[PDB]
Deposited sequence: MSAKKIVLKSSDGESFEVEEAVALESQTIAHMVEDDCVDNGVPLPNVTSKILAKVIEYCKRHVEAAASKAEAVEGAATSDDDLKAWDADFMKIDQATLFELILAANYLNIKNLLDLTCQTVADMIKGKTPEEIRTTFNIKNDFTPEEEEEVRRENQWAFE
């Protein structure tokens, strides 16, 4: 089976590799919502799934923020539970160990909390044993 990226690049694929994706297995096969290298890595992971492993999963994630979010969107679109799960875990890893200001700085998030709100939220948070 040969797919096609949104930009027009057409890549082949194996059988079980395509069957890894629920969307692909359900459904030329144009893919107008994905890029080219996005397809490269997603099909690479599906291949490795067909073929101890956590090292491979980790070294897969040595990518920038924007490409990781492209992988987020592609995994959601093609409906791979493994891809979505470990990519979301990778995202949540940057959340751990950072103050709200650090998260906003590294995630480009605008703060919309008034000081009274932030204080009420902190008071609510005091009821949890961390």
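Trainee: Report the unmodelled segments of the deposited sequence as residue ranges counted from 1.
Mentor: Counting from residue 1, the stretches without coordinates are 1-5, 33-40, 65-81.
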